[PDB]
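Below is one structure, written out as structure tokens; the observations come after it.
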Amino acid sequence: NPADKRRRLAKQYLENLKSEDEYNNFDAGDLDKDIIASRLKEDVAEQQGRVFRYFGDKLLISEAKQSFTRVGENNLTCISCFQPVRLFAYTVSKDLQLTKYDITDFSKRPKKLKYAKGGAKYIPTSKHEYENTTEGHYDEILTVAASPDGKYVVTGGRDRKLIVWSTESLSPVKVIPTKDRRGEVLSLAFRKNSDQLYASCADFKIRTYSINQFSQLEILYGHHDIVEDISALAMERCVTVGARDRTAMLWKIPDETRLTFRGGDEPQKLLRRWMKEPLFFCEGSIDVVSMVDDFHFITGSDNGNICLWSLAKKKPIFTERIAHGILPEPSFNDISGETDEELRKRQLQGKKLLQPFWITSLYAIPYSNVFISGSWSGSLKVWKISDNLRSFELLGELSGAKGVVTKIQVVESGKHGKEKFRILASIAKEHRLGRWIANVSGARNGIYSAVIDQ
Amino acid sequence: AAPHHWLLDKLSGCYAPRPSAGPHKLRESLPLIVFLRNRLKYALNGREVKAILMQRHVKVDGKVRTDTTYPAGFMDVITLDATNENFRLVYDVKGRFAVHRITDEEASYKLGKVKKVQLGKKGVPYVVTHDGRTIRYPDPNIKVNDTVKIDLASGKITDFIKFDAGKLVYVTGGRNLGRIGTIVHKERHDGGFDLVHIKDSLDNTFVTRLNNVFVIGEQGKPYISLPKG
Amino acid sequence: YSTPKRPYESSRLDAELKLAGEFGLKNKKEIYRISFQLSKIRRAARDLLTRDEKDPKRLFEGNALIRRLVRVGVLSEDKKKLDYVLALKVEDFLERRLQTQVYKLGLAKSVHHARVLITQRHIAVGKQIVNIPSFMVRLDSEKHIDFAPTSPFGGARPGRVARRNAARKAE
Amino acid sequence: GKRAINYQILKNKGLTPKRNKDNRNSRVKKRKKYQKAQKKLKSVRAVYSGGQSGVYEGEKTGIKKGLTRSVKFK
Amino acid sequence: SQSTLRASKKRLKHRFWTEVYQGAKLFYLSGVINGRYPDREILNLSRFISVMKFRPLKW
Amino acid sequence: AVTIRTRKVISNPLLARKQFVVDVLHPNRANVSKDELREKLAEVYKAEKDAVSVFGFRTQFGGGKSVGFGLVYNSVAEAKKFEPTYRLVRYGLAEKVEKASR
RNA sequence: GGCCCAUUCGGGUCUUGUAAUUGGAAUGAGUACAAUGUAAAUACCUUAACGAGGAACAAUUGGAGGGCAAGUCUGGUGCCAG
RNA sequence: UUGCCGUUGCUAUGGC
């Protein structure tokens, strides 16, 4: 048995490498490095923070105050929020408008404050990739990001620019182009409690910036498709996911190194695993992330998977195969064009062309026990991760959001044992990158806010 | 050109620092330059470790002793004034100098193996140790290889640990150098391989010499604190 | 490298003619170098076939050899057998160099345009500008071959000929 | 007043034949002897050029009804 | 440019070697210091003159 | 615009000093510009501009980053005491020439 | 009109040539600001300015074959052979 | 509660 001989010889090999618990167990170099550890400074940014907010089953779920404030902007795309240590929120749309909200009036719907709308006036007079230093967006703003301190919001989209606006007036303070032709930005994330931005640009590139210095730190390379989502916490690590290469990478940005995590679910072995006694299959494209803590994260796929990954395992720890359902099959009055229902039913091939909803938004509350998933099934899902950190489980649903969920994130309130949050979710009737979405089933372009309690 | 005990990285230089003469031997000590500069790294080069030696931060065995190649051997408590650094350095299990950090009431003393008791001149009993502290007047029952406890403010013996069957012993020398556990066996031969034998995690057995072993306390209660992992 | 056995037979001359013309090579030393180390590779894989199944050398060095050949990129992911290392040959190795790859990705119009782009530093894989044409890109650096951002074919400031013509036409 | 040396005393290329600009580069010579070779290959074989370009105009060069350019067995 | 010093050094040596036998001595004098040349360089120049092993000519 | 990143900041009370490694970031600039770097370091930390010092600069290939070794003092007088004389000649105020003979 | 085969007659094939004109891009050797490095200096690394049309900013070495004069030499059965 | 437009509430919904 050749793989048995491989495992056996590898075991003998590791035993021989060990060859080349007592009462005294102290090692001189380890305790010397621990003396240097006692000598050093800056136990602030580099907390390898584990899950210290265990509250998944604690708070209420089923009776949230859900207000779906519809807004008149075609296809809202992103949502950025802010809390100091009054709270503002930000939305941005495919109609080239950024909009500031106040959200701190917690028991009611948010309040519009200020527009900032680019348009055809901001097309540059050059068509030349480094004099892209205009003051507004002329194409398809895809992402906003508020500063952790709140001086600025920074936004960008398919016009390959980063425009950083002031908070108090929504004015463009600085323009930083991405200096090449395909340099469309797709996701932005500040590292927490900082002034450092991580943008993920479709050149298979990740750009980093210091916003209050108007400088770019480091460009870091290495995905294989467009870097569709990004996520960061207080550590200088980052977690990006490229779309169709089906890998999620995490980046030690000062070292400029990474850990890659591929997928790897196969319907052959999965249907055999069920065949030991079923509509589930392989993977299209890993789409969204959120780093839950500094040892784990969660990925949202294109076949409706939500997966939970550790920092110490290439293959994922936990899967959840169907997370928002399978799409309604196309009707017999809109598949075939024959006359009889028998042939128009034969043109469905049974179950072979039922496609699942793909999770287009995922948000893990940082270091907490609970994350929120959203797609165009109409109902957001709330999941909590078990305390042994090897599984998660569906708590409840938030069914007042008709449309695609282009963004989810939460806003905190309450103290250490009694808490209430408003879950913002940007709702559109069209995916945040291309159109591709038919059967617009009662959708509206709005902000689904929910107020969850206890 | 280095020994094994110093935990000295090879990418350092060409000439290795010979320790000067002092209390301990050359083969069982580390100087202050290899202590401060390239082990716990309070310096970067010989110039600035000489600078802090001229500033006189070091207080090994309660005296200053400003010297670069001063041979700190076994359990000389290195004392540094800034950030109240108290360091008792002992042997680890694989031959190096593990420098444990201790506190002030433990660095207020040390212990020492007695080597010989003499009727030297004028009726004065007499005792020496590995740093050579010729202190006056112990009890008559000081055999060889017992353990005195030095005062470190004056020089007097304060406590005494008798060497017998059933004592916690430290081995510094030969192929057992730096082991603790002190009980499987006792065997005093008549000129070599004579010792008390030391256990392991599975309570294995070991052979050493008398002079290459010296007592540190009792079965569970040494008043020295020890590092762990 | 090392010269072949019969270096002047007409099949070898037409071989080197087709190789140097189809891949834009400068002399025979490119073919001879890459073929010398390919000879070492499949001379090793021949011995790995001449030993038997469940041999430790065969198991470990065989999957090691085919995995680092797949990661160089001359061998595809699905053929994980050791006889494909014998079926491997020299243009499978010099299709992997950066001049060939720049032309195939279409940043250049021919292999000679690719060679002069590379030697004039308009091409950077990943982070670093590569400037020698025989580079042997890998399967992960295959998709980050793009124009350098320090170059006018990227988005940078235009070169001396363009700016001197602009200045003289401004005069 | 400095009688500087000139190029024929400096480089000392005494009495050479006329040589080739294509020989002054080893790469361009193999670019232009491969273009010559693959223009000669159209003479010996018939080279697949890429299929039908536009409308089928005709054979453009002639059709021989007497010649059969096919390999007979044994 | 010590680089161009070394480059022109080599080029002069080779062009001198095509005019005299291949392996004649080209000597390098540095800048003049106090009216005349450095005496180290003139010392080993005289060391080169002192061993020359003349061969008899015809005229 | 240059950018600054300190890493692995330890304190040396024996030398009255705080030392760290310096990732200096200059996209589309030449290099570190060490006096301007001492200015930027002396303003990100506290004032002591004749007590902040950097010495070990290595720029990686293609530019952008350079790793240096940063050590910052309190008390400019004890910085003059503890720093070596060649770095004092390079940056600060000291200048003693060696006697040129033999 | 080029090319290919063949001892011969001949055969096979096809956009191929030209010191023809011409166009704007590219940059590298070189010349050089620096800063970095280093006891100091060199070098590596980073890098503004200039730097191509005979791109004369002028790579070789060896081989195969011609052709020409109011020219010269030799032979001898005109005008030829060498 | 918005680009319009409808039911509107004296606030929620649904068609482009």
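Note on naming: chains are A, B, ... as they come in the structure tokens, residues start from 1 per chain, ligands start from 1 in the order shown.
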
*Would you give me, as an MDAnalysis selection string, the residues of chain G that come within 9 Å of chain C, using only C-alpha atoms (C1' of nucleotides)?*
chainID G and resid 24:28

*asked:* Which residues are close to residue 78 in chain A, i.e. within 6 Å by only C-alpha atoms (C1' of nucleotides), leaving aside same-chain residues fewer than 4 positions away? Reply as a ChimeraX atom specification.
replied: /A:91-92,143,407

Could you give me, as a tab-separated table, a per-residue list for chain D showing, wherever an atom lies at most 12 Å from an atom of range 89-111 of chain C, the closest pair of atoms and their distance in Å to one decimal, using only C-alpha atoms and sorting by chain then residue number from low to high?
```
residue	atom	partner	partner_atom	distance
D:27	CA	C:111	CA	11.1
D:28	CA	C:111	CA	11.6
D:31	CA	C:111	CA	10.0
```

_Interatomic distance (Å, one decimal) between CA of residue 203 in chain B and CA of residue 23 in chain A_ = 10.4 Å

*Which polymer residues have any atom within 7 Å of an atom of range 90-103 of chain B, counting only C-alpha atoms (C1' of nucleotides), with same-chain residues fewer than 4 positions away left out, as JSON, numbers by chain?*
{"A": [26, 27, 28], "B": [4, 5, 6, 7, 74, 75, 86, 107, 177, 178, 179, 227]}

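Neighbours of residue 144 in chain C closer than or equal to 10 Å, with only C-alpha atoms (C1' of nucleotides) counted and sequence neighbours fewer than 4 positions away skipped, come out as residues 203, 204, 205, 221, 222, 223 and 224 of chain A; 124, 125, 126, 127 and 140 of chain C.
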
Resulting file, chosen residues, N, CA, C and O atoms, as a PDB file, in the first residue's frame:
```
ATOM      1  N   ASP A 203      -6.040  44.478 -10.343  1.00  0.00           N
ATOM      2  CA  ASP A 203      -4.788  44.118 -10.985  1.00  0.00           C
ATOM      3  C   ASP A 203      -4.131  42.942 -10.348  1.00  0.00           C
ATOM      4  O   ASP A 203      -2.906  42.830 -10.473  1.00  0.00           O
ATOM      5  N   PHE A 204      -4.907  42.110  -9.650  1.00  0.00           N
ATOM      6  CA  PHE A 204      -4.414  41.132  -8.691  1.00  0.00           C
ATOM      7  C   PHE A 204      -3.534  41.800  -7.643  1.00  0.00           C
ATOM      8  O   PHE A 204      -2.545  41.226  -7.191  1.00  0.00           O
ATOM      9  N   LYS A 205      -3.897  43.018  -7.245  1.00  0.00           N
ATOM     10  CA  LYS A 205      -3.039  43.853  -6.421  1.00  0.00           C
ATOM     11  C   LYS A 205      -3.781  44.269  -5.162  1.00  0.00           C
ATOM     12  O   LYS A 205      -5.006  44.363  -5.146  1.00  0.00           O
ATOM     13  N   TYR A 221       1.205  41.773  -3.957  1.00  0.00           N
ATOM     14  CA  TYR A 221       0.727  41.090  -5.142  1.00  0.00           C
ATOM     15  C   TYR A 221       0.464  39.642  -4.801  1.00  0.00           C
ATOM     16  O   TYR A 221       1.030  39.107  -3.851  1.00  0.00           O
ATOM     17  N   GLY A 222      -0.363  38.988  -5.598  1.00  0.00           N
ATOM     18  CA  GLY A 222      -0.386  37.555  -5.431  1.00  0.00           C
ATOM     19  C   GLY A 222      -1.679  36.809  -5.611  1.00  0.00           C
ATOM     20  O   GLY A 222      -1.670  35.579  -5.535  1.00  0.00           O
ATOM     21  N   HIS A 223      -2.785  37.486  -5.861  1.00  0.00           N
ATOM     22  CA  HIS A 223      -3.952  36.702  -6.212  1.00  0.00           C
ATOM     23  C   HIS A 223      -3.944  36.414  -7.704  1.00  0.00           C
ATOM     24  O   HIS A 223      -3.050  36.823  -8.439  1.00  0.00           O
ATOM     25  N   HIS A 224      -4.966  35.713  -8.163  1.00  0.00           N
ATOM     26  CA  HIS A 224      -4.897  35.076  -9.466  1.00  0.00           C
ATOM     27  C   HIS A 224      -6.127  35.463 -10.276  1.00  0.00           C
ATOM     28  O   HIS A 224      -6.125  35.369 -11.505  1.00  0.00           O
TER      29      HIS A 224
ATOM     30  N   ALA C 124       7.374  43.811 -15.804  1.00  0.00           N
ATOM     31  CA  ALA C 124       7.604  43.432 -14.420  1.00  0.00           C
ATOM     32  C   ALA C 124       6.660  42.300 -14.079  1.00  0.00           C
ATOM     33  O   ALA C 124       5.447  42.458 -14.212  1.00  0.00           O
ATOM     34  N   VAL C 125       7.194  41.175 -13.648  1.00  0.00           N
ATOM     35  CA  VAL C 125       6.339  40.174 -13.030  1.00  0.00           C
ATOM     36  C   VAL C 125       6.255  40.548 -11.564  1.00  0.00           C
ATOM     37  O   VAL C 125       7.238  41.022 -10.979  1.00  0.00           O
ATOM     38  N   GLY C 126       5.051  40.455 -11.007  1.00  0.00           N
ATOM     39  CA  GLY C 126       4.795  40.774  -9.616  1.00  0.00           C
ATOM     40  C   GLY C 126       5.186  42.176  -9.205  1.00  0.00           C
ATOM     41  O   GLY C 126       4.588  43.158  -9.640  1.00  0.00           O
ATOM     42  N   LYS C 127       6.245  42.265  -8.409  1.00  0.00           N
ATOM     43  CA  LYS C 127       6.765  43.516  -7.882  1.00  0.00           C
ATOM     44  C   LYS C 127       7.989  44.014  -8.623  1.00  0.00           C
ATOM     45  O   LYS C 127       8.132  45.219  -8.833  1.00  0.00           O
ATOM     46  N   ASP C 140       2.464  30.453 -10.837  1.00  0.00           N
ATOM     47  CA  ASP C 140       1.834  31.508 -10.062  1.00  0.00           C
ATOM     48  C   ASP C 140       2.232  32.899 -10.532  1.00  0.00           C
ATOM     49  O   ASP C 140       1.457  33.845 -10.365  1.00  0.00           O
TER      50      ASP C 140
END
```

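The neighbours of residue 30 in chain D here are the residues that come within 10 Å of it, using only C-alpha atoms (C1' of nucleotides) and leaving out any residue fewer than 5 positions away in the same chain; they are residues 16, 17, 18, 19, 20, 21, 22, 24, 25, 26 and 27 of chain C; 22, 23, 25, 35 and 36 of chain D.
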
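Residues of chain A lying within 6 Å of chain H, counting only C-alpha atoms (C1' of nucleotides), are residues 69, 71 and 72 of chain A.
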
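The spacing separating CA of residue 226 in chain A from CA of residue 258 in chain A amounts to 16.7 Å.
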
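Close contacts of residue 2 in chain F, defined as residues with an atom at most 12 Å away when counting only C-alpha atoms (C1' of nucleotides), with chain neighbours fewer than 5 positions off set aside, comprise residues 209, 210, 213, 214, 215, 216, 217 and 218 of chain A; 23, 24, 25, 26, 27, 28, 29, 30, 31, 32, 33, 34, 36, 37, 39, 40, 41, 64, 65 and 66 of chain F.
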
Residues of chain E in alpha helix (DSSP H), written as a compact mmCIF listing (two decimals) with N, CA and C atoms, in the first residue's frame:
```
# COMPACT_ATOMS: atom_id res chain seq x y z
N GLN E 2 36.58 56.40 -11.39
CA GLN E 2 37.58 55.34 -11.37
C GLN E 2 37.20 54.21 -12.32
N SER E 3 35.91 54.07 -12.62
CA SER E 3 35.45 53.16 -13.65
C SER E 3 36.02 53.51 -15.02
N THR E 4 35.94 54.78 -15.43
CA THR E 4 36.52 55.15 -16.71
C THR E 4 38.04 55.20 -16.65
N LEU E 5 38.61 55.43 -15.47
CA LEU E 5 40.06 55.27 -15.30
C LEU E 5 40.49 53.85 -15.64
N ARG E 6 39.78 52.85 -15.10
CA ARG E 6 40.10 51.46 -15.39
C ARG E 6 39.80 51.08 -16.83
N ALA E 7 38.73 51.64 -17.41
CA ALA E 7 38.38 51.33 -18.79
C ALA E 7 39.42 51.85 -19.77
N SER E 8 39.78 53.13 -19.65
CA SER E 8 40.79 53.69 -20.53
C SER E 8 42.16 53.10 -20.26
N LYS E 9 42.42 52.69 -19.02
CA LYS E 9 43.63 51.95 -18.68
C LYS E 9 43.74 50.67 -19.50
N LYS E 10 42.67 49.88 -19.53
CA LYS E 10 42.70 48.62 -20.27
C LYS E 10 42.79 48.86 -21.77
N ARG E 11 42.11 49.90 -22.27
CA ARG E 11 42.11 50.15 -23.71
C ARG E 11 43.47 50.62 -24.19
N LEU E 12 44.14 51.46 -23.40
CA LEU E 12 45.49 51.89 -23.74
C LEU E 12 46.47 50.74 -23.69
N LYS E 13 46.31 49.84 -22.71
CA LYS E 13 47.19 48.68 -22.63
C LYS E 13 47.04 47.77 -23.84
N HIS E 14 45.81 47.57 -24.31
CA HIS E 14 45.61 46.69 -25.46
C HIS E 14 46.10 47.32 -26.76
N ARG E 15 45.81 48.60 -26.96
CA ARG E 15 46.30 49.29 -28.15
C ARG E 15 47.82 49.42 -28.16
N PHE E 16 48.45 49.55 -27.00
CA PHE E 16 49.90 49.53 -26.90
C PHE E 16 50.45 48.14 -27.20
N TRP E 17 49.70 47.12 -26.82
CA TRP E 17 50.13 45.75 -27.06
C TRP E 17 50.02 45.36 -28.52
N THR E 18 49.18 46.03 -29.30
CA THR E 18 49.21 45.75 -30.73
C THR E 18 50.37 46.42 -31.45
N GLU E 19 51.01 47.42 -30.85
CA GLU E 19 52.12 48.12 -31.48
C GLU E 19 53.48 47.61 -31.04
N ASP E 39 57.39 59.30 -5.87
CA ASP E 39 58.65 58.57 -5.88
C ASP E 39 58.48 57.08 -5.68
N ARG E 40 57.34 56.63 -5.17
CA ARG E 40 57.02 55.21 -5.19
C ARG E 40 56.90 54.70 -6.62
N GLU E 41 56.14 55.42 -7.45
CA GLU E 41 55.96 55.07 -8.85
C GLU E 41 57.26 55.21 -9.63
N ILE E 42 58.07 56.21 -9.32
CA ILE E 42 59.34 56.34 -10.03
C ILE E 42 60.33 55.30 -9.53
N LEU E 43 60.18 54.84 -8.29
CA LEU E 43 61.06 53.82 -7.76
C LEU E 43 60.83 52.50 -8.46
N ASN E 44 59.58 52.08 -8.58
CA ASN E 44 59.41 50.83 -9.30
C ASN E 44 59.43 51.01 -10.82
N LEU E 45 59.34 52.24 -11.34
CA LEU E 45 59.67 52.46 -12.74
C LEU E 45 61.15 52.24 -13.00
N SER E 46 62.01 52.73 -12.10
CA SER E 46 63.43 52.46 -12.22
C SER E 46 63.74 50.99 -11.97
N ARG E 47 62.91 50.33 -11.17
CA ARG E 47 63.01 48.88 -11.04
C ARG E 47 62.69 48.18 -12.35
N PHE E 48 61.77 48.73 -13.14
CA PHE E 48 61.52 48.16 -14.46
C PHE E 48 62.63 48.47 -15.45
N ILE E 49 63.24 49.65 -15.35
CA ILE E 49 64.34 50.00 -16.24
C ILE E 49 65.58 49.18 -15.91
N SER E 50 65.78 48.84 -14.64
CA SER E 50 66.99 48.15 -14.21
C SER E 50 67.08 46.72 -14.72
```

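Among C:149, C:7, C:155, C:133, the residue with the shortest atom-to-atom distance to chain F, counting only C-alpha atoms, is C:149.
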
*With a distance cut-off of 12 Å and only C-alpha atoms (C1' of nucleotides), select the neighbouring residues of residue 58 in chain G, excluding the residue or stretch itself and same-chain residues fewer than 3 positions from it, and output the selection as an NGL selection string.*
(:D and (7-8 or 11 or 13 or 21 or 24)) or (:G and (54-55))

Same residues, N, CA, C and O atoms (P, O5', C5', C4', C3', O3' and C1' of nucleotides), saved as a PDB file, in the first residue's frame:
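Final output, part28.pdb:
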```pdb
ATOM      1  N   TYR D   7      40.220  57.199 -36.435  1.00  0.00           N
ATOM      2  CA  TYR D   7      39.542  55.929 -36.233  1.00  0.00           C
ATOM      3  C   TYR D   7      40.301  54.760 -36.830  1.00  0.00           C
ATOM      4  O   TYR D   7      40.264  53.665 -36.266  1.00  0.00           O
ATOM      5  N   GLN D   8      40.984  54.950 -37.958  1.00  0.00           N
ATOM      6  CA  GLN D   8      41.632  53.794 -38.556  1.00  0.00           C
ATOM      7  C   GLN D   8      42.923  53.436 -37.849  1.00  0.00           C
ATOM      8  O   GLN D   8      43.314  52.269 -37.852  1.00  0.00           O
ATOM      9  N   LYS D  11      41.128  51.939 -34.102  1.00  0.00           N
ATOM     10  CA  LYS D  11      40.479  50.642 -34.027  1.00  0.00           C
ATOM     11  C   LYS D  11      41.193  49.565 -34.818  1.00  0.00           C
ATOM     12  O   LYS D  11      40.995  48.385 -34.519  1.00  0.00           O
ATOM     13  N   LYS D  13      41.127  48.251 -37.939  1.00  0.00           N
ATOM     14  CA  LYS D  13      40.406  47.255 -38.726  1.00  0.00           C
ATOM     15  C   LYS D  13      40.971  47.233 -40.141  1.00  0.00           C
ATOM     16  O   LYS D  13      40.329  47.631 -41.110  1.00  0.00           O
ATOM     17  N   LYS D  21      25.102  44.028 -42.089  1.00  0.00           N
ATOM     18  CA  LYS D  21      24.367  44.619 -40.978  1.00  0.00           C
ATOM     19  C   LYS D  21      23.580  43.565 -40.213  1.00  0.00           C
ATOM     20  O   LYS D  21      23.475  43.636 -38.985  1.00  0.00           O
ATOM     21  N   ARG D  24      25.875  41.894 -37.889  1.00  0.00           N
ATOM     22  CA  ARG D  24      26.246  42.647 -36.695  1.00  0.00           C
ATOM     23  C   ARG D  24      25.367  42.353 -35.482  1.00  0.00           C
ATOM     24  O   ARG D  24      25.682  42.831 -34.394  1.00  0.00           O
TER      25      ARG D  24
ATOM     26  P     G G  54      21.112  59.379 -40.779  1.00  0.00           P
ATOM     27  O5'   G G  54      21.986  58.057 -40.901  1.00  0.00           O
ATOM     28  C5'   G G  54      21.879  57.237 -42.055  1.00  0.00           C
ATOM     29  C4'   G G  54      22.731  55.992 -41.978  1.00  0.00           C
ATOM     30  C3'   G G  54      22.872  55.350 -40.601  1.00  0.00           C
ATOM     31  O3'   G G  54      22.873  53.936 -40.747  1.00  0.00           O
ATOM     32  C1'   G G  54      25.013  55.854 -41.472  1.00  0.00           C
ATOM     33  P     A G  55      21.649  53.070 -40.183  1.00  0.00           P
ATOM     34  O5'   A G  55      22.011  52.877 -38.648  1.00  0.00           O
ATOM     35  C5'   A G  55      20.998  52.855 -37.660  1.00  0.00           C
ATOM     36  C4'   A G  55      21.185  53.967 -36.663  1.00  0.00           C
ATOM     37  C3'   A G  55      22.265  53.764 -35.619  1.00  0.00           C
ATOM     38  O3'   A G  55      23.552  54.064 -36.116  1.00  0.00           O
ATOM     39  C1'   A G  55      20.302  54.652 -34.625  1.00  0.00           C
TER      40        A G  55
END
```

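Closest approach to residue 55 in chain F among F:43, F:100, F:87, F:81: F:87, based on only C-alpha atoms.
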
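The gap separating CA of residue 161 in chain B from CA of residue 195 in chain B is 16.7 Å, in Å to one decimal.
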